[PDB]
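What follows is a single structure, written as structure tokens, with notes after it.
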Ligand SMILES: [K+]
Ligand SMILES: [K+]
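Residue numbers (the entry's author numbering), protein chains in the order written: chain B, 3 to 292; chain A, 1 to 292.
Laid out in structure tokens, this is it:
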């Protein structure tokens with residue numbers, strides 16, 4: 003992974019990145035450029051953009067902060083990169099994703115190819131129905147509002163040795179990329195925050211998956227939303243204290259001690275799903291909660 | 001592969017053990033014999049050797065499926081056929097050797113009751129096809145697969161791949177026992193189906209013929225069990241696809257199309273796998289969410 007930049011900037015990879023970003027649709031960035039204007043924009047400035055990326059002279063535009071009304075009356079915050087930056091981010095992620103997919107845990111389902119929130123629900127249900135119905139529900143503060151940039155780029159540097167890639171990735175951190183949490187409202191759609199930041203979140207949170215796997219804990223995780231499932235409150239209280247302490251001391255993330263809870267499946271809301279026990283089928287099941 | 005001696009793999013100690021563990025893990029309602037899933041191990045300890053002897057000699061008689069009416073989240077009832085836990089155990093043992101065979105034949109846009117696949121994946125694939133411009137929905141509605149499928153036609157199709165006569169025999173008998181598709185997924189419910197783990201595979205085998213025909217015609221589609229939607233770019237193209245595919249489904253597959261509920265529609269009027277659809281003008285894309 004010494005010279006990944008030319009792979010990212012290859013004719014095939016950029017052509018695939020353009021087509022994918024056009025298919026993604028999504029709202030506009032601060033420049034107001036819609037997805038239909040990207041082809042003409044790249045036909046005129048594409049080579050200039052490639053040259054700036056090669057020399058670390060490309061200036062990413064700041065993400066546009068938008069407020070999207072939620073179906074429960076509330077509002078959610080979203081940062082929308084320009085369609086040019088979403089194009090570049092997709093080009094970077096097309097190269098970084100195959101590298102990091104072999105590292106990732108099978109119970110991580112957020113923003114990964116061929117994975118979705120419904121799989122996380124069914125996997126959690128199978129674990130609950132095995133007798134692990136004491137839920138350690140650790141609530142984390144927003145990942146990109148709390149993650150340390152230098153700590154995140156250092157961890158990425160353990161796998162990615164191309165300095166030019168490290169540079170452009172860091173510049174996108176400061177641009178304000180974040181995690182589109184539309185999935186929490188049970189809405190199925192294409193995320194609008196670009197295709198780089200969720201991978202960056204999975205890289206850091208993969209450290210939590212590895213720690214939980216070493217401790218033999220059963221879990222599922224979707225982006226920064228994880229639940230751990232154990233067989234008793236005794237083990238649930240111990241896991242709650244050990245994992246939260248690991249998240250803050252080793253990962254540098256922030257645990258919301260007010261929203262975090264030890265619970266049973268009946269009172270659990272996860273990824274927009276509610277859980278209930280079916281006495282006819284003799285099993286816990288899930289469905290979208292109101 | 002060589003499918004002439006599959007019954008030996010079905011009745012092997014490891015396959016039956018994995019089948020027993022999976023069925024106990026699935027739990028589910030009881031069959032006509034009233035035997036609970038916690039009573040299977042004792043039952044197999046006593047009669048397991050006899051059962052496999054009967055299965056080896058085509059002398060095992062499956063019990064009929066227990067017909068149950070399940071109330072739905074809001075409104076009417078739901079018909080469900082529950083095999084006995086013993087028959088669920090044998091069906092799982094059969095499916096464990098047949099599923100890897102047919103997984104090599106199945107279309108990538110078939111998502112019902114398949115390993116590492118779920119309804120949300122069908123929704124997202126459909127959304128991507130709609131957002132590419134194919135937002136005219138051919139919403140063909142099929143009568144219940146196992147209420148209309150011809151048993152001879154289905155077994156003849158299975159025999160094209162499976163050459164083991166003992167497997168063909170026990171699978172046909174399970175068709176007669178009344179296995180069917182647990183359509184709990186239509187209510188957006190995520191959970192373990194109760195209709196056994198053999199009938200969904202058998203329905204996918206027959207409907208795989210529909211997938212190959214649609215792929216041959218260059219049609220964009222997603223399918224979940226017997227619930228399929230086809231997406232085209234115009235209404236005139238939607239009417240011709242509706243007439244051609246419905247005729248193919250009935251004349252070439254022997255299944256029955258409900259002409260009343262089938263319709264050519266737009267995404268906003270589509271209810272599919274418990275999801276409704278709508279266009280987001282700020283994101284410039286169709287999206288989906290659980291309908292009321
Ligand atoms: K959580
Ligand atoms: K349909």
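Cβ coordinates follow ideal geometry from the N, Cα and C atoms, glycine included.
Going by DSSP, what residue range makes up the alpha helix (DSSP H) through residue 249 of chain A?
235 to 251
Decide if residue 92 of chain A is buried, meaning its Cβ has at least 16 other Cβ atoms within 10 Å, or exposed.
buried
Please decide whether residue 99 of chain A counts as near chain B, where near means a Cβ-Cβ distance under 8 Å.
no
Rounding to the nearest angstrom, what Cα-Cα distance links residue 59 of chain A and residue 90 of chain A in this structure?
14 Å
At a Cβ cut of 9 Å, what residues of the region 120 to 131 of chain A count as close to chain B, listed as they run along the chain?
120, 121, 123, 124, 127, 128, 131
Mind checking which residues open and close the beta strand (DSSP E) that includes residue 289 of chain A?
Counting along the chain, the unbroken beta strand (DSSP E) around residue 289 of chain A starts and ends at 285 to 290.
Exposed or buried, what is residue 110 of chain B when buried is set at 16 or more other beta-carbons lying within 10 Å of its beta-carbon?
buried
Let me know the alpha helix (DSSP H) ranges lying completely inside the region 165 to 230 of chain B, each 4 residues or longer, listed in chain order.
165 to 177, 199 to 216
Closest to residue 263 of chain A by CA distance: which of A:136, A:27, A:174 is it?
Ranking the options by Cα distance to residue 263 of chain A, first place goes to A:136.
Can you give me the C-alpha to C-alpha distance between residue 15 of chain B and residue 100 of chain B, rounded to a whole angstrom?
13 Å
Taking only beta carbons into account, state which residues of the region 181 to 200 of chain A come closer than 8 Å to chain B, listed in chain order.
187, 188, 189, 190, 191, 192, 194
Among all the DSSP beta bridges, which residues are the ones paired with residue 265 of chain B?
B:137
Please name the residue, chosen from B:28, B:285, B:256, that lies closest to residue 268 of chain B on a Cα-to-Cα basis.
B:285
Quick one: does residue 280 of chain B have its CB under 8 Å from some CB of chain A?
yes
Quick check: is the beta carbon of residue 65 of chain B nearer than 8 Å to any beta carbon in chain A?
No, residue 65 of chain B lies away from the interface with chain A (no Cβ there is under 8 Å from its Cβ).
With 8 Å as the threshold, decide whether the Cβ of residue 75 of chain A is near any Cβ in chain B.
no
Tell me which residue opens and which closes the alpha helix (DSSP H) that residue 8 of chain B is part of.
7 to 10
At a cut of 8 Å, does the region 69 to 80 of chain A reach the region 182 to 191 of chain A through at least three beta carbon pairs?
yes
Ligand 1: which residues have Cβ under 6 Å from any of its heavy atoms, chain order?
Result: B:139, B:140, B:141, B:227, B:228, B:229.
Could you spell out where the beta strand (DSSP E) holding residue 71 of chain B opens and where it closes?
Annotation for residue 71 of chain B: the continuous beta strand (DSSP E) segment containing it runs 66 to 71.
What distance in whole Å lies between the Cβ atoms of residue 241 of chain B and residue 138 of chain B, which are believed to be in contact at a cut-off of 8 Å?
By a beta-carbon distance limit of 8 Å, residue 138 of chain B contacts residue 241 of chain B. Their separation comes to about 5 Å.
Interface residues of chain A around residue 28 of chain B at Cβ under 8 Å?
283, 284, 285
Strictly below 7 Å CB to CB, what residues from chain A border residue 115 of chain B?
By Cβ distance, chain A contributes nothing, its closest Cβ being about 11 Å from residue 115 of chain B, past 7 Å.
Helix, strand or coil for residue 306 of chain A, going by three-state DSSP, please let me know.
No answer is possible for residue 306 of chain A: it lies beyond the span of chain A, which begins at 1 and ends at 292.
When burial is assigned at 16 or more other CB atoms within 10 Å of the CB, is residue 86 of chain B buried or exposed?
buried
Looking at the structure shown, is residue 145 of chain A part of a helix, part of a strand, or coil, going by DSSP?
Helix.
Using a threshold of 8 Å, state whether the C-beta atoms of residue 229 of chain B and residue 272 of chain B are closer than that.
yes
Residue 172 of chain A to residue 62 of chain A, Cα distance in whole Å?
Going from the Cα of residue 172 of chain A to the Cα of residue 62 of chain A covers about 10 Å.
Report the partner residues of residue 79 of chain A according to the DSSP bridge assignment.
A:69
Going by CA-CA distance only, name the one from B:21, B:161, B:106, B:45 that's closest to residue 213 of chain B.
Answer by Cα proximity: B:106.
Using a Cβ-Cβ cut-off of less than 9 Å, give me the residues of the region 263 to 277 of chain B that come near chain A, in sequence order.
274, 275
Please determine, among B:227, B:179, B:169, B:94, the residue with the shortest C-alpha to C-alpha distance to residue 152 of chain B.
B:169
Residue 10 of chain B and residue 167 of chain B: beta carbons closer than 8 Å?
yes
So, using beta-carbon positions, are residue 94 of chain A and residue 246 of chain A closer together than 8 Å?
Taking 8 Å as the Cβ cut-off, residue 94 of chain A and residue 246 of chain A do not qualify as a contacting pair.
Can you give the beta carbon distance from residue 37 of chain A to residue 27 of chain A, rounded, assuming they're within the 8 Å contact cut?
5 Å
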